[PDB]
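Engineer:
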Amino acid sequence: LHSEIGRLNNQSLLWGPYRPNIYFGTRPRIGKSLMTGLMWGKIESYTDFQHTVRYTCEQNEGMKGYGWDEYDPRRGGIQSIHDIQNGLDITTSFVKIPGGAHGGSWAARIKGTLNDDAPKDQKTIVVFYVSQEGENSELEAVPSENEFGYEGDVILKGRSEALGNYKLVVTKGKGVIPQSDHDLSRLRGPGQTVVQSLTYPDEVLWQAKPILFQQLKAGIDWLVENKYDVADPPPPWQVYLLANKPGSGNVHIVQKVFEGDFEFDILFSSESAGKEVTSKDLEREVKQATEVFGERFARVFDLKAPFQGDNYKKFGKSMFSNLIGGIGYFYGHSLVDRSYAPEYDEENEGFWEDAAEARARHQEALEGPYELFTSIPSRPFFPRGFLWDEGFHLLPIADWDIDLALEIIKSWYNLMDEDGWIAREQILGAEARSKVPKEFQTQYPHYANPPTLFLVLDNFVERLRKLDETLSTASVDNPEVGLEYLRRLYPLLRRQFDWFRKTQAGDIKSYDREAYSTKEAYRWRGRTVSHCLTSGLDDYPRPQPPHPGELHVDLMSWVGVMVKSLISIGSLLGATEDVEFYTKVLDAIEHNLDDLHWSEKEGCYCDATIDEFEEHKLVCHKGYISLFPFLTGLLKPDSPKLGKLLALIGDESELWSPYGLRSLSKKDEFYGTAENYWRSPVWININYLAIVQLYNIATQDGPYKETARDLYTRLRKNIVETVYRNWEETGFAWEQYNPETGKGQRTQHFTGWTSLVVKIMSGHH
Ligand SMILES: [N-]=[N+]=Nc1ccc(NCCc2cncc(CCN3C[C@H](O)[C@@H](O)[C@H](O)[C@H]3CO)n2)c([N+](=O)[O-])c1
């Protein structure tokens, strides 16, 4: 029965628009298979299309905005693109039609509407680019009846082991096609849909822009050789129309020129299913996917006061759809230093210098290949898997579709090496590497990242204890299936738990340190003078100088999150001998949090170092870090320590801004300093943790119930309204929010954990 739900999930999720790095394209969850990409650009001149053409996601003054209005990876959805440079409002509707033995069929409608400022006679070039990777696989453009190109549909017929037989149709579409009266039209035709079928070695098929431009440049060279010159030049749009040469190959370029508004369909028909997919099929399946998305949202994301209104429902749909619509499939080699150089052990003073020397050996090599199926923080700036971001992404996604969330968790845990290491940053293949400076690619096996994926596993278990609709909950509705997943995953959770304990161990025994436990103490590896990249709070102030004797209260608190999850899961599995050791590790963390990290002087938890005089010193920087034992749910609701943290959180002079909790206190000496990344701005992921914990204390018998209730109510409001106002004004989710002004700053299209705001509005944690 596990195998069945497994095979059904596989078949449901195989196809998607799983290329979030580009405006619009498709691929299945298969490393070497059939992929598609959309390109468009106005052409006003002989030189402008190279600069106007769109393919990979960016955000600049030329683009107003873009994203998913509606999305479910099982059904498809609708994306809006507002392109100022090209004068176009584009719609890409994508739909899946289940059937056959191969992951089903799918269809897309591309619609371009010139905006008010565009010339009513603008010529827009549109390209649908189709590649197929594989040794024993074929794809062929059925040639046209016409001499120079296509009056109607373009039929591609192909086959692979993975997809069996399929056909891919690009329809005639609707819109005016310009006609050239030039002598060239006797040889190129007056203007029509064209296809070039090419082959390149499989590993470069992703470089669709250079592949296209090489063909455009060969056309222009041909014009020059055959005496088409500046005395009598063809119009720009004919100069940039490829000579029709359909055939077989692993690349198929389908090119259309439109004058004014346009639309055209892409129909993917799996032979192994019923009848082929039609345009009338696409139109209906789209209408129905909208109805279903509407119905699921109103149940799953029931927005509570004061966010019940339609304005906030639109907001919620946009923030959610962009989050789950960012889901990608990633395949290829990753860059890794497997030297395990001894300098990476960071056991002497000045360890950052030694670590730099080891990195300068440049022993890192390509390894894999790996696949990953994950949501992403940002399509334009960093469209790839980030380990602790994914824990946040999956909290809303899990509500929507717990079986999808568990699929993504599983994909992340299949990356884990023999030691219990997952790389914090997953850059799989040359396409992914294209977006990342060479200096920032190398993953380090000694680099951790917060294990936020356990928070998701926690929600799963809580839900476990208490056809597309069916598949989405299959793993909570069929408890036998739920436990089998946990049984298969548990060992790797344990492996990661031990890996933290072997690789991110702090040192008690070697210093004048007393504590309830000689074991429980942690220090993030990878830290430099200014940074602790691995903690996730890049420039949050830490002990200066960095020191082998440091202890990180956030890191211990994450180990605390991990043990509590292992207790829950281990028990659901009856692994008694493990639960005992976990029950005892937790007990030791609860104590050592107080003995090593609690400041009675300051009224908050702090990190620790050892002095110039070699004694344990608390290093207190009031901010996110200070709150961690609370944010991670480790303290008793009656704890006096919780009492003092609630005071700090609610204190306007420290953390409390009209716009949410400041990453760092206004009273801290480092407030607003340096890159000021985690040194003041409001981050939605940490505010989300605060809101959830406040609500927990707020709905419990205890002394702080009423304070917790006030701070919840107000913080929920401040966080939602800040993200809303900025979305209303800019159309973007932002990476962080200015505490002085409330303005969105840093990375746009951050969906991204800023999308947690849909869960903050829906309440009932
Ligand atoms: N200090 N530092 N200075 C700055 C750092 C970044 C800045 N802007 C975005 C640049 C950028 C590009 N590629 C990847 C990433 C990682 C983003 N992010 C980092 C989170 O901290 C981490 O927790 C989190 O996992 C990851 C992923 O969401 N970021 C700026 N800026 O725009 O001025 C100053």
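Numbering (the numbering used here), first residue to last: 5 to 769.
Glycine included, C-beta positions come from ideal geometry on N, C-alpha and C.
(1) Nearest-angstrom Cα distance between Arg303 and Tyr316?
(2) Would you list the one or two residues that DSSP bridges to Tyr448?
(3) With the cut-off set at 7 angstroms, would you say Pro384 and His620 are in Cβ contact?
(4) Which residues, in chain order, sit with a beta-carbon under 6 angstroms away from any heavy atom of ligand 1?
(5) Is it true that the CB of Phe396 sits closer than 7 angstroms to the CB of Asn700?
(6) Leaving out five residues before and five after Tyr692 in sequence, what residues of the same chain have Cβ atoms less than 6 angstroms from its Cβ?
(7) Pick from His337, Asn596, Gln367: whose alpha carbon is nearest that of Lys36?
(8) By a C-beta neighbour count over all protein chains shown, 10 Å radius and 16 as the cutoff for buried, is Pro346 buried or exposed?
(9) Would DSSP call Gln697 helix, strand or coil?
(10) With the cut-off set at 7 angstroms, would you say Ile47 and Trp241 are in Cβ contact?
(11) Is the region 586-598 touching the region 524-534, taking contact as three or more C-beta pairs under 8 angstroms?
(12) Decide if the region 103-116 is in contact with the region 278-291; the criterion is three or more beta carbon pairs, one per stretch, under 8 angstroms apart.
(13) According to DSSP, is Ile82 part of a helix, a strand, or is it coil?
(14) Name the DSSP bridge partner or partners of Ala112?
(15) Going along the chain, which residues of its own chain have a beta-carbon closer than 6 angstroms to the beta-carbon of residue 4, five neighbours each way excluded?
(16) Answer yes or no: do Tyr728 and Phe319 have a C-beta to C-beta separation smaller than 7 angstroms?
(17) Can you grab the Cα-Cα spacing for the pair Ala519 / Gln697, in whole Å?
(18) Is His535 helix, strand or coil by DSSP?
(19) Can you tell which of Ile723, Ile431, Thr636, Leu577 has its C-alpha closest to the C-alpha of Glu594?
(20) Looking at C-beta atoms only, is the number of pairs between the region 663-682 and the region 602-616 that lie closer than 8 angstroms three or more?
(21) Around the C-beta of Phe585, are 16 or more other C-beta atoms found within 10 angstroms, so that it is buried, or is it exposed?
(22) For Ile406 and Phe464, which I take to be in contact (beta-carbon distance under 8 angstroms), what is that distance rounded to the nearest angstrom?
(23) Please classify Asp265: does DSSP put it in a helix, a strand, or coil?
(24) From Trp19, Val565, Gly389, pick the residue whose C-alpha is nearest to that of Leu459; which is it?
(25) Checking 7 angstroms against the spacing of the C-beta atoms, do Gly664 and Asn722 come in under that value?
(26) From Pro373 to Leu339, what does the alpha carbon distance come to, in whole angstroms?
(27) Mind listing, in chain order, the continuous alpha helix (DSSP H) runs of no fewer than 4 residues lying wholly within the region 145-198?
(28) Considering only the alpha carbon of each residue, which of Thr755, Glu725, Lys231 lies closest to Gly313?
(29) Which of helix, strand or coil does DSSP assign to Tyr244?
(30) Whose C-alpha, out of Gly329, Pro441, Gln447, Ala434, is nearest the C-alpha of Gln367?
(31) Buried or exposed for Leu220, please, with buried defined as at least 16 other CB atoms from any protein chain shown within 10 angstroms of its CB.
(32) Could you check if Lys260 is buried or exposed, using at least 16 other CB atoms within 10 Å of its CB as the buried criterion?
(33) Under the three-state reduction of DSSP, which class applies to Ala612: helix, strand or coil?
(34) Suppose only complete runs of 4+ residues qualify. What are the alpha helix (DSSP H) ranges in the region 579-647, listed by chain order?
(35) Can you tell me which of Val198, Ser164, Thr755 puts its alpha carbon nearest to the alpha carbon of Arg388?
Structural biologist: A quick look at the data gives this:
(1) 15 angstroms
(2) According to DSSP, residue pairing for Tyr448 in a beta bridge does not occur.
(3) Not closer than 7 angstroms, so no.
(4) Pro381, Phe385, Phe386, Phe390, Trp392, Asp393, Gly540, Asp542, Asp543, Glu679, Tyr681, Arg750, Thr751
(5) no
(6) The answer, listed in chain order, is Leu760.
(7) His337
(8) Counting Cβ neighbours within 10 Å, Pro346 comes out exposed, since fewer than 16 surround it.
(9) helix
(10) The answer is yes: Cβ separation under 7 angstroms.
(11) yes
(12) yes
(13) strand
(14) For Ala112, DSSP records a beta bridge to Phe98, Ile270.
(15) Limits of the chain in this structure are 5 at one end and 769 at the other, which puts residue 4 out of reach.
(16) yes
(17) 27 angstroms
(18) It is coil, neither helix nor strand.
(19) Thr636
(20) no
(21) exposed
(22) 6 angstroms
(23) Residue state, collapsed to three classes: strand.
(24) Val565
(25) Yes, these two residues count as a Cβ contact at 7 angstroms.
(26) 11 angstroms
(27) 189-192
(28) Residue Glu725 is the option with its Cα nearest to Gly313.
(29) Secondary structure of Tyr244 (DSSP, three-state): coil.
(30) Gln447
(31) By the beta-carbon neighbour count (other beta carbons within 10 angstroms, threshold 16), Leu220 is buried.
(32) Buried, because 16 or more other Cβ atoms sit within 10 Å of the Cβ of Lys260.
(33) strand
(34) 580-601, 632-635
(35) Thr755
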